[PDB]
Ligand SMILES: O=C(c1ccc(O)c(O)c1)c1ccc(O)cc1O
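One chain is shown next in structure tokens, namely the form solved without this ligand.
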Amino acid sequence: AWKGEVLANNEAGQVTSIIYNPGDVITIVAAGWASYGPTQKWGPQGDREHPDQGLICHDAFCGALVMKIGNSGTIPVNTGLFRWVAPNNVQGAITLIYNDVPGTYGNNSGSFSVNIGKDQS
């Protein structure tokens, strides 16, 4: 398994040791509090009231946890994924990223703690 943190201010995102291969089943659990700028903080599902001004993932809220698998588009993680199979034909290293608008990470704060494991299959 992999265990680490994802900083809200990291535009590049946090590379993990997990390589998603075809047929893999994985479980992700994410926790913690972070901000895209404001004083308030939000958990891994982010801020359901904030408008999307060009987020790196249009299928999750501003301040939510998202990922890429290899060269893929952004995929919502939020609080996690239970015994999940990639619905698309994606393969490769998982990178975790805080959902914010490109070029606006500098004022972000906080972090999520994240576990990723492969399940039986």
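Numbers for residues come from their place in the sequence shown, where the first is 1. Whichever C-alpha set is largest while still superposing within 1.5 Å between the two forms counts as the rigid core.
In a rigid core superposition of the other structures in 8 other deposited structures of this protein, 80 to 88 and 30 to 38 differ in how far their CA atoms stray, and the farther one is 80 to 88. Comparing the deposited coordinates for 30 to 38 and 68 to 76, the stretch with the larger average C-alpha B-factor is 68 to 76. For the pair 88 to 96 and 43 to 51, the record assigns the higher mean C-alpha temperature factor to 88 to 96. Per the deposited record, the Cα B-factor of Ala1 falls in the highest third when ranked against the other modelled residues of its chain. Sort the modelled residues of the chain by CA B factor and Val101 lands in the middle third.
Below, we refer to the form deposited with this ligand bound, which is not included among the displayed structures.
When this ligand is considered in the bound PDB entry, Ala30 lies well away from it, no heavy atom lying within 4.5 Å. Shown alone here, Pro76 lies within 4.5 Å of this ligand in the bound PDB entry, counting heavy atoms only. Contact check for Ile26: every heavy atom lies farther than 4.5 Å from this ligand in the bound PDB entry.
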